[PDB]
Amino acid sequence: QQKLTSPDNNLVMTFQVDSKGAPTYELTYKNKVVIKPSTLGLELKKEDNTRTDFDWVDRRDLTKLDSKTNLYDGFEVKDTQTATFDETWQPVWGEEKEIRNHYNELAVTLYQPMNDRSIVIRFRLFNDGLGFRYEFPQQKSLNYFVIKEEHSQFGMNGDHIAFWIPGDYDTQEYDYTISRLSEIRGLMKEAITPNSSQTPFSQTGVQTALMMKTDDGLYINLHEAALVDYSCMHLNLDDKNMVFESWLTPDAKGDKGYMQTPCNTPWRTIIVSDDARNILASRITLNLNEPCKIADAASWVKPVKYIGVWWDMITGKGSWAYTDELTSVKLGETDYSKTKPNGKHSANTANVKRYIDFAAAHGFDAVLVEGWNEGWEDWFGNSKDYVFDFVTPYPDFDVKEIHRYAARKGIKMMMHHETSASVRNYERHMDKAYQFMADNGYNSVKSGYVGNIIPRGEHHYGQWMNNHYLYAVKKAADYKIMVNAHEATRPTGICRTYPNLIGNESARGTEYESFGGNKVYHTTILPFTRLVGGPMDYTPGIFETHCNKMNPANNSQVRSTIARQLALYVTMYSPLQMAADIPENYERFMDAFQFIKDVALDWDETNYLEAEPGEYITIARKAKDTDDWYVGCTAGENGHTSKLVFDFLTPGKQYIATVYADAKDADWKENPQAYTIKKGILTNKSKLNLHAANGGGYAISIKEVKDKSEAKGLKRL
């Protein structure tokens, strides 16, 4: 047996091969079993019965074709290597200024006599978790191979409580379900709600990052890191033995990965602690990704706070389309200048300029505009190939005028590249599209992949599409363009390597609050799941929570109080933050809007004050390069009472604190717009009791006093 221990001795990973040569590992935390003996390995696709060289001669051993499919047992430990790593690095943007990468490593070389080939399984043990991956060295016996299935197991020590969404190859926009592992099977049917593109794979399949809470006080998170040149990993539960196992996303032919040595699988991670706050504080995912590959990133990659012509179309008040009189359109043939405007097209110059005015007046960085280009008439569900060209504006969208105006106002326009899931079409137009952005002042783009993937047969999270998503990001970096990709595979920390990937949706966002609503506890779960691996463009900030005010036919209601929406700018971390409501609605609650105007986007420090998945999350962050702090609390269906202790503030300093909280009897459903704002003085000796209503929360801006003229007339809170 091989034993690996964490730097603090709290975690121990034991490895060995069983009597049939199957790699097996187990993990304990403070003497408590986290991962029971679980096997590791893969099954490879069998080679063609007949495969000939160019000279029409098959020189292969046809007697070993079946044996070659086995990459899961028959292994012998040939060699082992250990090492310790302890270095700190600084992210371009993040929750803290510096991240420490400290782990003890064990690399096991496994030789498989029957196939005369070897692989390496590398384990890295941190004080907050374990990460492992398979490595395939270049060798005479292993070069090109196809993965049939990966068989990485994660054996649970009990019937834990899980916070999960249905395993799916095409969408992650599902509401979370909280249940025992043994209850997943019976709840799967109702957990799978309708979506434009979805492919569930098992009655007990779930997506990662998967969050769990054990009966013996532990919090466990299962996920992956550095998903590159490989298919996305989901988890399939054996609910008899309570074992989760890797289930990769198949391509159009059912295969799960084309490999060429030397190559590695992404890392698989088990983050664990007896303190839920430590799950949020873990940086294992980022630490397992390759260091930044954009040498000059710091010079152009920057956080973005924005508003946009968007909610109009999401709610149904306005449209992305320019005209309604065409049964379909054909780019390059349809003459839009001869079509009749539907009178609902929000992406028109005059309206866009009004948004620019608002953004500039309130200190925002950019304005997003959707529906600016030809083609939106057919954007939804037609499996249309030549759906957009990403460069031709509608008759009522003056690209140059809008650029000139935005620039004069100190605002940047955020480009929108909805692809309607037509991927070859996007790649064919990508260089021209990025050049168009460069030529017209756009340095950030929100992309999208709504609908079933084209090439038809592929899924959103297969190896093929993962290659596309990264290709788009790498090409964007060459143009010094930042990317926010919706519908893409959920993040796994690749932002460390390519900091220009400032966001993804890849989970159920605020848009669904207009499609029936999101569960009240949704934002008390996302940080423990979706946010592990990268930020989310959740688009918070809805003040008029009744969608019927935007569109009479839309009776959806946002499940939140105004105060909780403010809190999300702190509890839903992201260097990309949108104030999603329309300008006129914010102008009706300008006193509350002040927090959105004040809140920072990048941080030097983050303190997770309180955290319990599905119930509440309270976070305090220190704005980068400042002595100012921002606090936010988001609560579930039962609300939450906080007894805050501001001892994290600097001793001897005075702070101007503004508390935005739920008013008495506030309620996400019956009284969402009831809030109070209190301004006073805070110090590291201050203590405050605040109550977050059901589906409520609170936000606090804490600015260091710079001139004594600020604390005039203010009292200690």
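One rule holds for the numbers: they count along the sequence shown, beginning at 1.
Colleague: Between 700-708 and 21-29, which has the larger average Cα B-factor in the PDB entry?
Modeller: Looking at the recorded C-alpha B-factors, 700-708 comes out higher on average.
Colleague: Averaged over C-alpha atoms, is the B-factor higher for 540-548 or for 498-506 in this PDB entry?
Modeller: According to the PDB entry, the answer is 540-548.
Colleague: Between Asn425, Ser337, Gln207, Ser420, which one tops the list for Cα B-factor in this entry?
Modeller: That would be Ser337, according to the entry.
Colleague: So if I compare the CA B-factors in the entry for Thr199, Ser282, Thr492, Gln139, which one is the largest?
Modeller: It is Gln139.
Colleague: Using the temperature factors of the C-alpha atoms in this entry, rank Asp604 within its chain: lowest, middle or highest third.
Modeller: It falls in the middle third of the chain.
Colleague: If you rank every modelled residue in this chain by C-alpha B factor, which third holds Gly441: lowest, middle or highest?
Modeller: Its C-alpha B-factor, which the entry lists for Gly441, ranks in the middle third among residues of this chain.
Colleague: Using only modelled residues of the chain, where does the Cα B factor of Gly316 rank: lowest third, middle third or highest third?
Modeller: Its C-alpha B-factor, which the entry lists for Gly316, ranks in the highest third among residues of this chain.
Colleague: Just say lowest, middle or highest third for the CA B-factor of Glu150 relative to the other modelled residues in its chain.
Modeller: For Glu150, the deposited C-alpha B-factor lands in the lowest third.
Colleague: Which third, lowest, middle or highest, does the CA B-factor of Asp239 fall in along this chain?
Modeller: Highest third.
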